[PDB]
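The structure appears below as C-alpha cells.
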Amino acid sequence: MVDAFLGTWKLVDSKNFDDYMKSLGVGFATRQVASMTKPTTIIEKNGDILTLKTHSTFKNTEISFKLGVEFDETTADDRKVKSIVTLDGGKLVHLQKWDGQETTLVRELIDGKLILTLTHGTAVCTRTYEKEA
Ligand SMILES: O=C(O)C(F)(F)C(F)(F)C(F)(F)C(F)(F)C(F)(F)C(F)(F)F
Ligand SMILES: O=C(O)C(F)(F)C(F)(F)C(F)(F)C(F)(F)C(F)(F)C(F)(F)F
C-alpha cells in the first residue's frame, strides 16, 4: 500500500507555496524564510503506524498516525487541527480540519518523484521531492 512513499525525500521544486502560506495567514517574514528553505521529509512505518518527519533549518515537525484513523495535530504554523491520512487512488491524502476550514496535503508518486499538492481556499501549491539514498 504505502511502501513506495517510505524513505527520505528532499525538496527540489516548489510552485505557489507563498500563495498557500498566505491563504493560511502565515506572516510575510515567515513566508520569506520558508520560500528559501528546502525541507527533508522522512516517512517511516512500523506495522500500521506511519511516522512523517519534516526537518529544516527553520522549523521541524513530526506526526505519527494510523491510516484511516483521526489524530490531533499541531501544524508547523501552530494550527490545532483534526487530521486523517488515507490512501486514495494510490495517493496519500492528508486532510486537516479546524474552525470549519479544511486543507489537503496530497502526495503521489510520478516517475519516482514525490509530488505534494497543498490546497487551501483557492490556493494550490505543488512541491516536488526527490528520494535520498
Ligand atoms: O512539507 C512541506 O513541503 C511543507 F513545507 F509545504 C509543509 F507541508 F510542511 C507546509 F505546508 F509548510 C506546512 F507546514 F505543512 C504548513 F501547511 F503547515 C504551513 F506551514 F505551510 F503552514
Ligand atoms: O512557520 C511557518 O508558519 C511555515 F509555514 F513557514 C513553516 F515552518 F511551516 C515552513 F517554513 F513553511 C515549513 F516549510 F513548513 C517548515 F519550515 F516547517 C518546513 F517544512 F520548511 F520544515
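Any Cβ shown, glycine's included, is placed from N, Cα and C.
Residues annotated as (9Z)-octadecenoate binding site in Swiss-Prot, with experimental evidence given as evidence: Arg127, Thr128, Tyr129. The octadecanoate binding site annotation in Swiss-Prot covers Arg127, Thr128, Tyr129 and is backed by experimental evidence. Residues or ranges marked as hexadecanoate binding site in Swiss-Prot (evidence: experimental evidence): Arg127, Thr128, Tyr129. Residues or ranges marked as N-acetylvaline in Swiss-Prot: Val2. Feature annotation from Swiss-Prot assigns phosphothreonine to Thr8, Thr30. Taken from Swiss-Prot, the feature phosphotyrosine covers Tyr20. Annotation source Swiss-Prot lists phosphoserine at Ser23, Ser83, citing similarity to another entry.
Listed in sequence order, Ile43, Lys45, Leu50, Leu67, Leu87, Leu92 are the same-chain residues at least 6 apart in sequence whose CB falls under 8 Å from the CB of the residue listed as 'N-acetylvaline'. For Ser83 (phosphoserine), the same-chain residues lying six or more positions away in sequence with a CB closer than 8 A to its CB are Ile63, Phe65, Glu70, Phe71, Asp72, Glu73, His94, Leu95, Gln96, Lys97.
Across the fold, the C-alpha of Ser23 (phosphoserine) and the C-alpha of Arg127 ((9Z)-octadecenoate binding site) stand 16 Å from each other. Only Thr30, in sequence order, out of the recorded positions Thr8, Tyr20, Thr30, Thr128 have a CB under 6 Å from ligand 2.
Nearest to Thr128 ((9Z)-octadecenoate binding site) in space, judged by Cα atoms and limited to the modified residues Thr8, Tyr20, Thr30, is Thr8. Here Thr8 (phosphothreonine) is compared against the recorded positions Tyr20, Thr30, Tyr129, and the shortest C-alpha distance is to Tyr129. The secondary structure of the residue listed as 'phosphotyrosine', as reduced to three states from DSSP, is helical. Screening the recorded positions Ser83, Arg127, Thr128, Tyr129 for a C-beta under 6 A from any atom of ligand 1 leaves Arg127. According to its DSSP assignment, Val2 (N-acetylvaline) is coil. Nothing from the recorded positions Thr30, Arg127, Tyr129 places its Cα within 10 Å of the Cα belonging to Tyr20 (phosphotyrosine). For the recorded positions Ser23, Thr128, the largest tally of other C-beta atoms within 10 A is found at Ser23.
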